[PDB]
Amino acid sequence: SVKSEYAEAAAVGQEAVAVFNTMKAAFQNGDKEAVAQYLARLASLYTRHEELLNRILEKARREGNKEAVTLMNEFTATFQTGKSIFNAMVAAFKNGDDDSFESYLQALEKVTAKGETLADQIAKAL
């Protein structure tokens, strides 16, 4: 069901949270080789999450589930904010700009905590 596809999507999202926090520890410790690998892993996890979210939104639309579509439109919008900040974080790592990396990192943590009530609302609406 779309609801079980959203649970699969949620888990992938939580995997990115898990890796992201491990990455943050590596960054603070100066283990740049680890950070590079974690950033690669996170790109794969975000790409997969984005795709699952789009399939869920498209299915909710085909089902006529207006409330779920409204919530998923808000949610996917926020996901594009994370994407843009994540992209700038990766660029800051490439450029050796630790100040920008720190900034973007705290931004992404706010994105995830800011949207978790909406994430839970979606589960109940699908």
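Throughout, rigid core stands for the largest set of C-alpha atoms superposing within 1.5 Å between the two forms. Sequential numbering from 1, following the sequence displayed.
Which of 114-122 and 13-21 strays further in 9 other deposited structures of this protein - Cα RMS after rigid core alignment: Most displaced of the pair in 9 other deposited structures of this protein: 114-122.
97-105 set against 54-62, stretch whose average Cα temperature factor tops the other in the entry: Per the deposited B-factors, the answer is 97-105.
Position of residue 113 among the chain's modelled residues by C-alpha B-factor, lowest, middle or highest third: Its C-alpha B-factor, which the entry lists for residue 113, ranks in the highest third among residues of this chain.
Residue 18 CA temperature factor, ranked by third within the chain: It falls in the bottom third of the chain.
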